């Protein structure tokens, strides 16, 4: 169980990482399957974070909320980037969003590894 929780936590971290990677490739070349994978992987990270939130205790509750909200920020930054990109706008118009999406994805990684450590320590 505590092991199942950190399996899920590791799955979330992989989803976020894979989502970012596909997102990056999509913005740099526009292969539609990259965007499809970007989208699928955040759907999965979002759902599994939701699943853990169902069974959270007093401490992880706070971290999960931060992680869930931070993922929403990533979703918003990456969607805004994709939107400007597909509108064929100047890089200057999505530079910030593009950067923030990378940064925010890295915050998600830190919440996830913190969670994994907490689950590890029953």
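Positions refer to the first chain, counted from 1.
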{"item": "Residue stretch of maximal mean CA temperature factor, 71-79 vs 84-92", "value": "84-92"}
{"item": "Stretch with the greater mean C-alpha B-factor as recorded in the entry, comparing 51-59 against 33-41", "value": "51-59"}
{"item": "Relative C-alpha B-factor of residue 18, binned into the chain's lowest, middle or highest third", "value": "lowest"}
{"item": "Chain-relative CA temperature factor third for residue 113", "value": "highest"}
